[PDB]
Each structure stands twice: as structure tokens, then as C-alpha cells.
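Here's the structure, in C-alpha cells; my notes come after.
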Amino acid sequence: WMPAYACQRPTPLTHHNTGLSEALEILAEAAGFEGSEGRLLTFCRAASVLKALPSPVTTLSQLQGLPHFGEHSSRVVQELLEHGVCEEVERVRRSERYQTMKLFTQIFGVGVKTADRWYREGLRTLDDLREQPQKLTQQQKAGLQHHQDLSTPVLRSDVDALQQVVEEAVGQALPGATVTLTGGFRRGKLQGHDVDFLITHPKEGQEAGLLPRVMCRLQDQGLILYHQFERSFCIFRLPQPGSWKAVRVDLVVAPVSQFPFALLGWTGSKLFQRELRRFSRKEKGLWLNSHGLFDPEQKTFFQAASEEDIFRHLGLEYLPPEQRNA
DNA sequence: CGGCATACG
DNA sequence: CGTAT
DNA sequence: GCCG
Ligand SMILES: [Mn+2]
Ligand SMILES: [Mn+2]
Ligand SMILES: [Mn+2]
Ligand SMILES: [Mn+2]
Ligand SMILES: [Mn+2]
Ligand SMILES: [Mn+2]
Ligand SMILES: [Mn+2]
Ligand code: NA
């Protein structure tokens, strides 16, 4: 009926159970804030199952037989179906712990562990953090300074402009190098939190050394508000009407031999890639990452020329990016 | 009961 | 520890 | 939290 792994089923960007999945993703997020990766995963997977359904869930019986729905996620849905709200979800929403961990972890440079420590120290607001900047990393100082712009959704119109400037710098750093839009925008999102790009070159090995050359050129054009190799987590200065705004941009380089694996990995979703790697290992005995796919019996790597190759080597029906919105 | 994706900066 | 999908 |  409904397969158990998210990589076994199309998941479109918009769907027929938005309210139910949003509620389960609250509980998933809260689990993460408490360090319960297992519960986070189950709530994420249950949410994604609903995203993959062809019509709205209207009755509790429609959950029977759906993978990843047990006592807890079913009770959440039952309450939403009966009352329009789930008391547990609402308790989380308005809890000081949830609101503060959400606020802190959304800072670039701050993870659950840092947020939790700050919470235990009594800190609650961004200005609480600004008062004692001696305890911040440079990365967190950047995330905090730019927090307001970074909280503003990036639009598809912003993306085309950014891509043009990235290509200009990439073309100077290495003629022939290519830039591919990845992440959520490649899955069809109309807005996002950041922009993800994958860079390669058709001649294996020519991409070596490329990212520092790209970064130096962007920085010389005055476009880099912050940066820290093959992955660069930047804050770009993006022109705006009569001004500009800070935007998070990720630049990644891969040799062309690895490009299909890095495209697949950086196109996501996060849950899709976790499920795909889990499927690969547990069902097929193969080890998948954004560099390659390894058979640990033969001790060999699978050559891929396309994402389609990778799906085929895993025995999965091909899913375009717009159906990977798990 | 063990497992829960797998990297890089 | 942070970051990424 | 759920699965196999
Ligand atoms: Mn429970
Ligand atoms: Mn009731
Ligand atoms: Mn992204
Ligand atoms: Mn990103
Ligand atoms: Mn590498
Ligand atoms: Mn256990
Ligand atoms: Mn993301
Ligand atoms: Na963060």
C-alpha cells in the first residue's frame, strides 16, 4: 500500500494534509530540542507519510496500516480531527522552552547544544545574547548581527540574481566550471531560508582548489558579509531596491565523477536523504553518501553518470526533485 | 531489543 | 562544537 | 516513537 521509506514514494511540495503534518512536525522539532533523535525521526516520518497521501485524512480509520502511525501520532491526528487542535501540540507551542530553543537554534552558529546551555543559564532573548558578546563565536556574532535579514524568506527572484553573480566569479576562477542550483529551490520551493549551489567542472580534477578562488573573487567584489575546502557557508550581500539584504548561500564543489551523488544529496529533502541512505544500507547493503555509493562486499564504488543511475542501482523508481519533498 | 544518515568546517 | 541536504 |  504505502511503503515504509520516504524514498519509496513521491512526496510533492504541496499536499492534502498540511495541518496534520505541521502539527506532527511541531512534536518532531520539540523532540529534537530535548535530544530525542528517535522520537524526532518518527514524528518526521509520520508527517511525511501524510504529505504523500492522495487526499485528506478525515477519519481515524484511514490511518490503519499507515507506516509510522502508532498510539501517539494517531492520538495527535484524532484530536485534530475531532477538535481542530491537539492539546499536546498547543502546550509545546506556547512553552517558554520551545519558543526559546526555536529562537536560539535558528541563529546561524547556534545548535541545540548551545541553545540548551544558554537556556539553562537563564538566557531567553536575542538581546540577552547581545549583552555578553564575549562568549560568542565569530560565526554566532555574524548570525546574530544578520539575524533579522536571515529570518526573511529568500524569493525565487533573489535566486536568479545570486546565481548570475556566482557564475561570474566561478567563470573567472576556472573557465568551464558550472553552477547548479540545489536544495529546496531545486525541489520547486518558491521561497527558502538560503540558497544552495553545486559547482563542478567537466574535466575530472580541474575542480581541485576551486572554492578558495571563488571565495576570494566574491569577496573582492564586496559581496561576502561572512565566510569561514569544498563547502563554504556564506552570508551574501544581495542588492535590494535602494539597498540590500543579507542572504545565506552555500557553495559546494564536487568532482564530476561525484557530481550525481552530490546533486542528489544537496537536493534533499533532509528527511528524503536520511531515508534514502537508511534504505540503501538496511535494505540493499550499500553505503550511500554525497560522494558515492559503496558496496562493502565487493569493496567497490558505483559509477554514476546521473541521479537516474543512482535510483536504478538502489532498485528504486526514479523520483524527480519536486517529488523528494519528504 | 537496537537502530535511527552521513558527511565537512 | 558548528554547518549541510 | 515506531519498526522489524
Ligand atoms: Mn506517547
Ligand atoms: Mn476528544
Ligand atoms: Mn537550502
Ligand atoms: Mn543551505
Ligand atoms: Mn570531499
Ligand atoms: Mn530500546
Ligand atoms: Mn535546510
Ligand atoms: Na543554528
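Please read every residue number as a count from 1 along the shown chain.
Determined by X-ray crystallography, 1.9 Å, according to the entry header.
Cβ atoms are placed via backbone N, Cα and C, with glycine included.
Ranges compared are A:67-76, A:137-146, A:187-196, and Swiss-Prot records region 'Involved in ssDNA binding' for A:187-196. Checking the candidates A:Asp127, A:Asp128, A:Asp250 against Swiss-Prot: the one annotated together with A:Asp194, A:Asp196 at the Mg(2+) site is A:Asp250.
Within the same chain, residues 13, 150, 153-156, 158-159, 162-163, 181, 247-250, 252, 266-269, 321-322, 324-325 sit at least 6 positions outside the region 'Involved in ssDNA binding' (A:187-196) and bring their C-beta atoms closer than 8 Å to a C-beta of that stretch. With every protein chain in view, the residue among the binding-site residues A:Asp194, A:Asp196, A:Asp250 whose Cβ has the most Cβ partners within 10 Å turns out to be A:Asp196. Note that 20 residues are not built between A:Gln228 and A:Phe229; their Cα atoms stand 10 Å apart.
Within the same chain, the residues at least 6 positions away from A:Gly265 (site 'Responsible for the low discrimination between dNTP and rNTP') whose Cβ sits under 8 Å from its Cβ are A:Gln273, A:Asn289, A:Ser290, listed in sequence order.
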